Structure formats: structure tokens, C-alpha cells
Amino acid sequence: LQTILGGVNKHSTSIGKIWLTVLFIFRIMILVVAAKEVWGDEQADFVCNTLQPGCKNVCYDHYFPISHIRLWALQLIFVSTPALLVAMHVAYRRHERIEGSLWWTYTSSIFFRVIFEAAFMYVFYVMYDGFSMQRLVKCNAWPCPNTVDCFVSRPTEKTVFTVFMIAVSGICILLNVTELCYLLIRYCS
Amino acid sequence: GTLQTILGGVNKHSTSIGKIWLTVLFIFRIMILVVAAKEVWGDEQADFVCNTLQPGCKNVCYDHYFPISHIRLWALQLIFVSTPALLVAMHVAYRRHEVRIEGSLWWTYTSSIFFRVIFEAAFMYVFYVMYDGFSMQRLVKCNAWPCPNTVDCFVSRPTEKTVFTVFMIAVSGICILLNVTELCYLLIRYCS
Amino acid sequence: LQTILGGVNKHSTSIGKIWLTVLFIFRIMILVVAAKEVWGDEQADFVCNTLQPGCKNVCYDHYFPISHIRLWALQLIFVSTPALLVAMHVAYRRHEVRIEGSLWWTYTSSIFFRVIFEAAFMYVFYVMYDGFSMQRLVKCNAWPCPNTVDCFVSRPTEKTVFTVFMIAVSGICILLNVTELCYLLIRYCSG
Amino acid sequence: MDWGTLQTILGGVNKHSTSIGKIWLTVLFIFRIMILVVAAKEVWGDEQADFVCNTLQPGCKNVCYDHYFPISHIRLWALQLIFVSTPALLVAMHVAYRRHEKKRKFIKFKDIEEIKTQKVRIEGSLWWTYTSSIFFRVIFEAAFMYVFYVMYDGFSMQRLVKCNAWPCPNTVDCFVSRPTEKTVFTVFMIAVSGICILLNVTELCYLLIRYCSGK
Amino acid sequence: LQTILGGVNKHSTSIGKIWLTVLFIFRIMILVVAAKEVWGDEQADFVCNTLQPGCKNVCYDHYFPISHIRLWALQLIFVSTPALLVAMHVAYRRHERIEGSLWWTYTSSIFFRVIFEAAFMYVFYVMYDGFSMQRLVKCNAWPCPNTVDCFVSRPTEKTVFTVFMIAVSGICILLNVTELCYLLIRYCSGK
Amino acid sequence: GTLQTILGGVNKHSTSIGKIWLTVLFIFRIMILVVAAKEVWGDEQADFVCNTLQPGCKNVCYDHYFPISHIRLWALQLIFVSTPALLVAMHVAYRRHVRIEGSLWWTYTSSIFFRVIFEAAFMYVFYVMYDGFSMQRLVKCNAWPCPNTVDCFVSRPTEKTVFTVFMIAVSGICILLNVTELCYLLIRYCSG
């Protein structure tokens with residue numbers, strides 16, 4: 001793990017070092033050592049006030065199409081991918097300051113990260129209707145008769161970690177946007 | 001430690017496109033399977049619910065509709081796909097006792113690209129036929145013995161499994177196209 | 001793990017590299033990555049149509065005296081033992097990859113032992129489970145189950161798929177091992 | 001996590017620390033981290049599984065546990081450990097950055113390795129970073145200690161909690177799992193955290209007298 | 001792992017080699033691979049003859065305020081720090097065997113280990129009124145009506161490991177005391 | 001990584017027979033216990049079923065017939081047997097601060113003698129505690145609070161019997177190997 005961190009750390013600007021520690025120490029660690037065990041019993045402790053067989057399965061699926069931790073894991077892979085591609089492409093030119101052909105690749109990598117970070121944040125807002133989890137969800141999908149009452153497991157703890165992930169992700173957007181200013185202004189002036 | 005050494009050996013001895021193919025295989029096919037997808041399928045049979053009182057009906061209905069799990073099918077595909085790439089390295093080291101593609105390496109490299117396309121296409125075809133599409137259903141109607149008449153059974157997390165199924169299929173389709181272009185590049189050199 | 005594989009990989013013949021690939025990539029990885037957790041709920045999801053306490057325990061034990069994954073684990077350890085011990089004996093005699101002198105006897109015996117181990121376990125798999133296909137329903141009449149009790153196996157189809165793959169892959173290793181026997185006996189007779 | 005890499009990260013921050021900073025590092029790893037990993041995490045394993053409420057109301061247990069445990073103790077300790085160790089990580093790589101360039105400047109050796117292995121001195125740009133790193137560590141430790149007190153009205157866990165949130169009818173009696181063991185580990189974590197605060201404050205005294213009394 | 005033990009192994013006296021063997025190969029090894037799985041179902045398999053909700057929770061907590069493995073883990077951590085405490089002071093002098101300050105720290109570290117070992121042994125005896133686990137515990141704490149009967153899981157196996165840990169810990173006390181006598185003979189008795 | 005280093009150190013300092021004994025311990029005693037036998041005993045008490053309605057009867061009954069688990073007894077035996085082998089290396093390193101001679105002759109002979117006792121003692125404990133090497137499907141139980149005699153059923157008795165026989169047989173091989181080394185040392189000493 002240290003070898004992977006060392007390679008990315010060597011090739012970055014002043015802002016890039018700050019973006020790396022925010023990515024590794026915060027987004028990855030709290031997901032690994034704190035957040036993942038919070039979502040362990042998401043469906044096991046999902047309780048619905050009904051006697052209809054199969055009602056619990058369809059109500060949980062309706063309100064949680066993808067788990068929060070699974071969405072964060074997918075987002076982390078997508079955001080970290082352009083940084084790894086730069087290292088692979090940089091090594092390609094080495095065996096065969098940012099300027100020249102590397103300037104366009106580095107600028108495009110920052111642009112991709114901003115788009116990916118904003119797209120996943122938009123998905124989080126639309127899918128779950130805000131960043132606060134409710135204690136009670138009212139579900140009326142078949143085969144549940146009429147409308148049934150279902151209760152979420154650890155809604156408050158999940159809200160706390162959701163706010164933490166969104167806030168730190170927003171900081172990463174500002175850091176990437178700031179780095180986009182030190183490149184556009186310098187080149188165009 | 002061990003993971004870095006294995007990746008470094010394959011990465012160093014690779015062509016231009018082959019390095020792009022490698023990052024798709026590891027960062028997307030393997031990481032999604034390991035850190036996200038595997039826990040989604042953890043309660044595939046535990047949370048499989050059938051509306052019946054017949055003993056043993058749940059066991060046969062799950063077996064009928066899931067002859068093999070999606071994650072186990074993906075695990076088999078990844079091992080089969082990665083095998084020809086590793087076979088090239090071991091044979092190359094054998095020839096050392098005895099990356100430009102010239103000499104006897106041309107036949108082995110071309111065959112390895114050809115074999116990878118077949119394995120990806122075969123597993124993609126198996127996924128479509130066995131699960132009649134890439135979308136999971138909330139309800140499955142099962143009438144196998146000893147279930148009386150037709151019973152209603154409900155799948156666990158059908159929506160999440162559909163999302164990861166689409167991601168795996170779409171990314172595997174990209175790898176098919178990447179291998180085709182690499183085969184086309186080799187064909188251009190020899191045809192001219 | 002990498003060093004252990006690297007040491008055996010360097011000290012092997014041409015076919016031995018191929019046989020190493022089949023044992024590690026297919027037999028070991030698939031047993032660890034995929035097969036092991038397929039058998040995770042073998043007894044937890046074993047359902048019997050009965051109300052007799054203890055009937056489920058003796059019926060599962062009767063039809064599964066030893067798990068398939070446990071049987072495969074013993075095969076892998078037993079099959080890989082002659083390969084590792086032949087390296088220690090070679091290293092011992094060398095300090096005190098063709099064959100020469102006493103190495104011919106140690107290498108030939110190791111190949112012969114692996115074939116015997118391979119065939120014995122495959123025979124056990126066939127005899128103990130009367131075929132390579134797992135049935136959905138097993139009829140059990142052992143005490144204390146009254147008369148005959150219907151019991152249902154968990155994931156019979158997936159277990160059949162992995163059983164077929166393990167048998168076929170291990171069968172390939174037998175064909176590769178006997179090829180080395182022909183590649184060595186023909187040289188001894190010619191000389 | 002790999003034990004070999006555990007040596008690398010622990011070893012790197014060990015060299016690039018002051019005399020007291022090594023004492024703080026030992027307490028942070030042997031006590032705060034090891035207890036949380038090998039002892040404390042298993043205690044909270046069945047926090048909700050063994051949470052028992054005397055009621056027949058569906059969903060009453062879920063809301064009552066969430067009301068009285070908005071965030072678990074182990075999750076709070078994990079967040080605090082990350083927040084506290086981060087400033088030490090940044091200040092450690094800064095020392096290596098200055099040590100590397102000084103050796104590089106000489107080449108671009110034997111004496112520079114002697115003084116760097118002798119002791120870690122704080123001067124120049126390192127004074128601002130090291131002082132701020134200590135300042136943030138004290139603030140982070142006090143903030144989490146304050147959160148622990150306010151959220152759980154003390155460091156003692158009760159056997160019985162009375163819950164009257166919807167949909168529970170009237171007031172429902174609920175019982176906590178392993179309250180005594182959780183109290184013991186809560187006290188241990190709080191006490192060691194107070195020790196870490198004292199070490200950080202004591203180090204700040206060394207730096208202040210070096211500058212304020214130096215003038 | 002190896003380097004961590006290697007450093008301590010090369011920085012200890014003659015008896016210190018034996019003391020390190022007892023600490024790692026016995027205290028840590030038994031706890032990690034043998035003892036931790038015995039206590040896994042301590043509360044899951046705790047059975048109480050009652051219909052009172054919440055009676056099982058309070059009765060288990062009353063009779064097991066802290067688990068044995070948790071107490072042993074704390075004892076192992078506390079006992080191992082004085083050895084590292086003298087290691088840091090030794091390294092402090094290196095940046096500038098018994099000599100001067102070293103004699104006043106190595107002896108102090110030994111004295112601390114004896115107190116820590118005896119304190120945890122005393123705690124084990126008082127908290128659990130002996131080193132033998134009982135099959136039945138009688139509990140009358142609220143809300144349990146009158147006195148209820150509760151049954152411990154694997155009391156005999158837990159007794160066996162408790163005796164193993166207590167006896168091995170007692171040996172460490174004797175070794176530390178014996179080594180302390182060696183130092184006092186050289187310094188104080190040599191005057 | 002660390003396992004290779006420890007094995008390499010012990011392998012580099014051993015006799016010809018001692019290297020065979022190391023192979024039998026690592027390949028068979030440790031590996032089979034870790035990757036095969038350990039999870040066989042996983043549901044030893046969860047799947048222990050007793051034909052009774054008495055609360056607490058199952059708890060006291062399992063404790064009576066299984067005072068210590070087989071894997072726990074095997075784990076203790078492995079630690080005790082391997083300790084003299086590692087103690088030789090520790091004492092040798094201190095003295096330095098493969099031929100057997102000098103004062104090291106006494107240490108090597110004592111370590112082999114201690115190992116023979118340790119395997120024999122644990123083998124005797126296994127036989128006496130479980131009145132044989134074969135596990136029974138049914139155990140009869142009259143301990144309090146079980147009323148009269150109750151019927152209880154063991155989980156996976158046949159698989160446990162298979163592994164019990166294998167561990168005992170391999171332990172007997174190690175006993176014979178150690179006794180052989182004792183013969184090759186007394187002959188080289190008493191006869192010479």
C-alpha cells in the first residue's frame with residue numbers, strides 16, 4: 001500500500017498533496033474502519049409492520065436501490081481512477097512542473113474528477129431525497145396490502161456519516177476547482 | 001506487498017493498449033467484485049422468501065432460478081480471462097533459458113488475445129441465456145417438486161444486483177472491444 | 001506466497017510449469033475464491049420434512065461423511081507434498097532443470113506418487129457420492145428418524161458445477177503427469 | 001492491515017518526532033489503537049442484536065436504540081483517532097522533507113546524518129507547523145471528550161433506559177447489552193485521552209519557553 | 001513481526017530470553033488461536049430459566065462485568081509496556097547490561113511488571129471468586145423475579161484455559177522476582 | 001511473508017531427519033488444522049441437539065461430553081511440541097553472543113526427549129477423555145438439570161472421526177521419527 005501511495009505522492013502539485021490526504025485518510029478510512037460496520041445490518045434489522053410474506057423484501061428494495069456504502073465505494077473508485085491513469089501514462093512517456101503533452105492530460109484528469117464528484121453527489125440527493133435518513137418509511141408496493149409501516153436500522157448514525165461524506169466530498173470539489181484556476185490563469189496569462 | 005509484485009510484472013511486459021486493458025481488469029472488474037459486489041450477494045439464500053408452508057420448497061426454488069451465483073460466475077470469468085495473460089509470461093521466461101511482438105512471440109500473443117475474446121463472449125452469452133436478461137425480478141414463480149402448484153418467491157436486493165450486473169456486463173464489453181483493436185493492430189502489420 | 005511459487009517454478013521441467021499453472025490458478029484459487037463459500041451453509045440450510053429431534057443431524061452426517069471442499073483440501077495438500085519434498089531432498093543432496101544420478105529416482109517417484117494420490121481421491125469422490133451429480137432430495141431412514149424421511153440439499157446445482165470442474169481439472173493433471181512418465185521411460189529404454 | 005506496513009508507518013513517524021513525541025506515539029498506538037482493535041470492538045459487537053425491550057410493538061426497538069445511541073462509542077473513538085493522528089502524520093513528513101533537502105543540498109553527508117539521527121530540532125518553518133499540529137490535536141481531543149459527555153450524560157452506561165418515542169406506546173423499558181464492560185472501557189479511553197492532552201500541553205510548554213523566554 | 005521480536009530478543013538479559021518465550025509463545029499464542037474462540041458465544045449461549053424480558057441481560061452483566069479474554073488482553077498490554085518503556089530510555093541514551101540510569105530503569109521496569117502481574121491476578125480472583133467456572137449461577141437482580149437459574153456456556157473449557165493463564169502468569173512472577181534478586185546482589189549486596 | 005522467514009530459519013538449522021519432521025508438522029499438523037479441521041468444529045455447540053424441554057440441559061450436557069474441543073486440544077499440542085524446537089534456536093543465538101557436539105548435544109537430546117513426552121501425553125489425554133478415537137452420533141445424559149436421561153446428538157460425527165484418526169496417525173509418525181533420532185544419537189555416543 002505504501003508503494004502505491006508513494007508513486008502518486010511523488011507526482012503532484014502543492015494542492016495535489018492536500019487532495020491526496022483528504023482522499024486517503026478521510027474518504028477511505030472512515031468508510032473502511034467506521035462506516036462499513038454501520039451498514040452491516042441494514043436489511044437484517046429492517047422491520048415492517050405486516051404479516052404479508054415478501055412485503056419486507058420489496059419495501060427495502062424500493063427505498064434502498066443501492067446501499068450508501070456501495071455508492072461511496074463506487075464513487076471512490078471512479079474519482080481515484082484518473083489519478084492512476086496519469087501515473088500509467090506518465091511512465092509510458094518516461095520509458096519511451098506540468099507542461100507539454102502532460103499539461104492536457106493533467107488538466108483533463110482534474111476536469112473528470114470534478115464531473116464524477118458532482119455526478120455522484122447529485123445521485124445521492126435525488127435517490128434518497130436529501131441527506132437525512134428517516135426512522136419510518138411508508139411503502140405500498142406489491143404484494144404489501146395498502147400501505148405498510150417499515151422502520152430503518154440506525155437512521156441517526158447513518159445520517160451522521162452521510163453528512164461527513166458529503167461535506168468532505170464538497171471540499172474535494174473546491175480543491176480541484178482551485179487547482180483548475182492555477183492552470184487556466186497561468187496558461188492564459 | 002504481494003499484490004504490487006504480481007501487478008508490476010504484468011504491467012511492465014505489456015503493449016500500449018494492453019496497459020489500458022490491464023487497468024480495466026483490476027480497478028473495475030476485480031475491485032467492484034471484491035469491495036462492493038460480494039457483500040451484496042451475501043444474503044442471496046438467507047433472505048430468499050417463499051410464500052408457502054411446504055418443507056423443502058424454498059431450497060428447490062432457489063436452486064432452480066439460481067443454478068450458479070452471479071458473483072461466482074464473475075469469479076470464474078476473471079480467472080479464465082486472466083489465465084492467457086499469465087501463461088504468456090511463464091512461457092516467455094521459459095524461452096529465456098532456451099514490448100515488441102516479433103518471432104515466436106507473435107503466435108502466442110495473438111492466440112492469447114484470441115482466447116480472451118472467446119472467454120469473454122462465452123461468459124457474456126452464459127449470463128444472458130441463464131438469467132434470461134440482465135435485469136433481476138422481484139418475484140419468481142416456481143412450480144418444481146415438492147412445491148404445491150405454483151408458489152411465489154421473492155428475491156433479495158434485486159435492484160442492487162441489477163445495477164452491478166449492468167456495470168460488470170458493460171465493462172466486460174469494453175474489454176472485448178479493446179482486445180479487438182489490439183488484434184486489428186497486429187493484423188495491419190502482417191497484412192501490409 | 002510469491003517466493004514459494006517462484007522457488008518451485010524455477011526448479012521444474014517444461015511440463016512442470018504447465019502443471020504448476022493448473023494446480024494453482026484453477027484448483028487452489030477457485031477452491032478459495034468461489035468453492036469454499038458455496039459450501040458455507042451445507043448443514044445450516046439442510047431441511048428435513050420431519051418433527052423428530054436429532055433426525056436432521058444423523059441424516060446429513062450419513063449422506064455427507066466429509067464435505068467436498070474438505071476432500072479437495074486434502075487432495076491439494078497430498079498432491080503438492082511430493083513436489084515440495086523432492087525440492088528439499090534435491091537441495092539436501094546437492095549441497096552435501098534436468099535429471100541426473102539420484103535425482104532421476106526422486107523425480108520419477110514423486111510423479112508416480114502424485115498419480116496414485118490423484119486417482120485414489122477421485123475414486124473416493126465417485127464411490128462415496130455415487131457419482132458427480134448432487135441430488136436435490138435424499139431419502140434417509142437412519143435412527144432416530146421414523147420410517148423414511150425426505151431431506152433437501154442446499155445449492156445442489158452449483159455444487160454439481162464445481163464438482164464437475166474440479167474432477168475435470170484434476171483429470172487433466174493425471175494426463176499431464178503420465179506424459180512425463182512416457183517422456184522419461186522412453187529415454188531410459190533408448191539409452 | 002499488513003504488519004510489515006504497520007512497521008513502515010510507525011517507524012517513519014518514530015524517527016521524525018521529538019523526545020516527548022515518541023512517548024505520545026507509544027500511548028496513542030499501544031493504548032488507544034490496540035485496545036480499540038483487539039478488546040473494545042468485540043464488546044460492542046451485539047449492541048443492537050442483544051438490545052431487548054419489553055414490548056410487542058413492531059419497530060419500537062429500532063427507534064429506541066437509535067434514540068439512546070445516535071452513534072456508537074467505538075465509531076466515535078475511531079473518528080477521534082483518525083482526527084488526532086492526522087496532524088502528526090503531516091508534521092512527520094514535513095520533517096522528512098526538510099531532512100531530505102538538506103542532505104540533497106549538500107550533495108548538490110556524514111555530518112548531516114549525524115545531527116539528524118541525534119535529535120529532532122524545531123526551528124524555522126517547522127516551528128509554525130509543529131506548534132499548529134499540537135494545537136489542533138488538543139482541540140480535537142477536547143471536542144470529542146465534550147461530545148462524549150454531552151451525548152451520553154456521563155461515562156457510566158445504564159442497565160435500563162426508558163423510551164417513549166413513537167411508535168412505542170406510553171413508556172417502554174429497554175435493557176442494554178454489557179453495560180458494565182462498556183463503562184469500564186469508556187473510562188479507560190477517557191482517562192488515556194486526558195493523558196494525551198497533558199503530554200501535548202507539556203510539549204507546548206517546551207516550545208513556548210524556547211521562544212518567549214528566549215527573546 | 002520477526003523484527004519486532006528480534007529487537008527485544010537482542011536487548012534482553014539471559015533470563016529475559018526465557019521471559020520473552022513465556023510471554024509470546026504461551027500468553028499471546030493461547031489467547032489468539034485457542035482462547036478467543038472459546039469465549040465467542042459467552043452471551044449468545046447464556047441460558048436463563050425465566051420468562052422475564054431483560055432478565056438475561058442484567059444477570060449476565062452482573063456475573064461477567066468484563067470477559068476473561070478482555071481482562072487477559074489488558075494484562076498482556078500492560079505487562080509488555082515496561083519492557084518497551086526501558087527500550088525508549090535506552091535509545092534516548094544512544095542518541096547522546098546495567099550502568100547509571102539504566103540500572104535505575106531496568107530494575108524499575110521489572111518492579112512494575114511484578115505489580116501489574118499480581119494486580120491482575122488479584123483482580124481475577126476477587127471478581128470471579130476463584131479460578132473455576134460454575135455451570136449454574138443464581139441471579140436475583142431486577143427485573144428478575146425472586147431468584148432465577150442461569151447456565152454458563154462451556155464452563156469446563158474456560159476453567160482449563162483460566163488455569164493455564166494463571167499458572168503461566170505465576171511463572172512469570174517467579175522469573176521476574178528471581179532476576180530482580182540477581183540485580184540486587186550485584187549492586188546493593190556488593191557494597 | 002513472515003511465515004517463510006520463520007520456516008527458513010528453522011530449516012537452515014536442522015538435521016537430515018529433523019527436516020522430515022518439520023515437513024510433517026507444517027504440511028499436515030498445522031495446514032490441515034487451519035484450513036480444513038478448524039471450520040469442521042465451527043458449529044459444534046450450535047448444532048448440538050438434545051431431545052428435551054428442560055432449560056439449561058443442553059448447556060450442561062455439551063460441557064460434560066466435550067470438556068475441551070478437539071481443535072483446542074490439538075492447538076495446545078502444536079504449541080507445546082513446537083516450543084522446544086524454537087527454544088533451541090533462541091538458546092543457540094544467546095550462546096553465539098548441522099553437527100551435534102559440545103554442550104549443544106545435551107540441549108538437542110533434551111529437546112527431542114521433551115517432544116516425545118509431549119506427543120505421548122497429549123495422545124494419552126485424547127484417548128482417555130473421549131474413550132476412543134471414534135465420535136458417537138448419540139450421547140446419553142443424566143447430569144443436572146436434565147431429567148432422568150436425555151438423548152443428545154452430535155454434529156458431524158463422521159467428519160470429526162476422519163480428522164481425529166488423521167491427526168492421531170500423523171502424531172504417531174512424529175513419535176517414531178523422534179525415537180529414531182534418539183537411536184541415531186545414542187548409537188553415535190554409547191557405542192562410539
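Note that these values count all heavy atoms, side chains included, but never hydrogens, waters or copies made by symmetry. Proteins get letters first, then strands, A, B, ... in listed order; numbering begins at 1 in each.
Listed by sequence position, the residues of residues 171-191 of chain E in contact with chain F number zero, using a 4.5 angstrom heavy-atom cutoff. Among residues 90-111 of chain E, the residues having any heavy atom closer than 4.5 Å to a heavy atom of chain F are, in sequence order, E:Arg97.
Contacts of F:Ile71 with chain E are absent, with no heavy-atom separation under 4.5 Å from either backbone or side chain. Neither the backbone nor the side chain of F:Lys58 comes within contact range of chain E; no heavy atoms are under 4.5 Å apart. With a 4.5 Å cut-off on non-hydrogen atoms, F:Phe80 touches chain E through its side chain but not through its backbone. If you measure heavy-atom distances from F:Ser82 to chain E, you find no contacts under 4.5 Å at all. In this structure, chain F has a heavy atom under 4.5 Å from the side chain of E:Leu136, while its backbone stays farther away. Only the side chain of E:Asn9 comes within less than 4.5 Å of a heavy atom of chain F; its backbone N, CA, C and O stay farther away.
Counting heavy-atom neighbours within 6.0 Å of E:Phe112 CZ, excluding the residue itself, gives a total of 12 or less. Within a 6.0 Å radius of OH in E:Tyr63, more than 12 heavy atoms belonging to other residues, nucleotides or ligands are found.
Interatomic distance, E:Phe161 CZ to F:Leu76 CG, rounded to the nearest 0.5 Å: 4.5 Å. To the nearest 0.5 angstrom, F:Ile68 atom CD1 is 13.5 Å from E:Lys158 atom NZ. Rounded to the nearest 0.5 Å, atoms NE2 (F:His91) and OG (E:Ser14) are 9.0 Å apart. Put simply, CD on E:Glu37 and CD on F:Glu44 are 10.5 Å apart, with the number rounded to the nearest 0.5 Å.
Considering only heavy-atom pairs separated by less than 4.5 Å from chain F, the leading option among E:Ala34, E:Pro155, E:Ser153 is E:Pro155. Contact tally against chain E (heavy-atom pairs below 4.5 Å) for F:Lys38, F:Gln45, F:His97: the top residue is F:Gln45. With chain E as the partner, the residue from F:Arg72, F:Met90, F:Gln54 showing the most heavy-atom pairs under 4.5 Å is F:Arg72.
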Q: Would you sort out whether F:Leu87 and E:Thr21 count as a side chain to side chain contact (heavy atoms under 4.5 Å, CB included), showing the intermediate values?
A: CA-CA 8 Å; F:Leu87 265 197; E:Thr21 278; 3.7 Å; yes
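Side-chain contact between F:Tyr62 and E:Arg154: present, with at least one pair of heavy atoms (C-beta onward) separated by less than 4.5 Å.
The shortest non-hydrogen separation linking F:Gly56 to E:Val47 is N-CG1, 4.0 Å. Summarising the geometry of E:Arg135 relative to F:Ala143, their closest heavy-atom pair is NH1-CB, 4.2 Å, with the distance given to 0.1 Å. The two atoms that bring F:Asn59 and E:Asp45 nearest to each other are ND2-O, 3.0 Å, heavy atoms only. F:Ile79 and E:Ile30 get closest at one heavy-atom pair: CD1-CD1, 3.7 Å.
Distance alone, capped at 3.5 Å, places no donor-acceptor pair between the E:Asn49 side chain and the F:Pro55 backbone. For E:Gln2 (side chain) and F:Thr5 (main-chain N/O), no donor-acceptor pair under 3.5 Å exists by modelled atom type.
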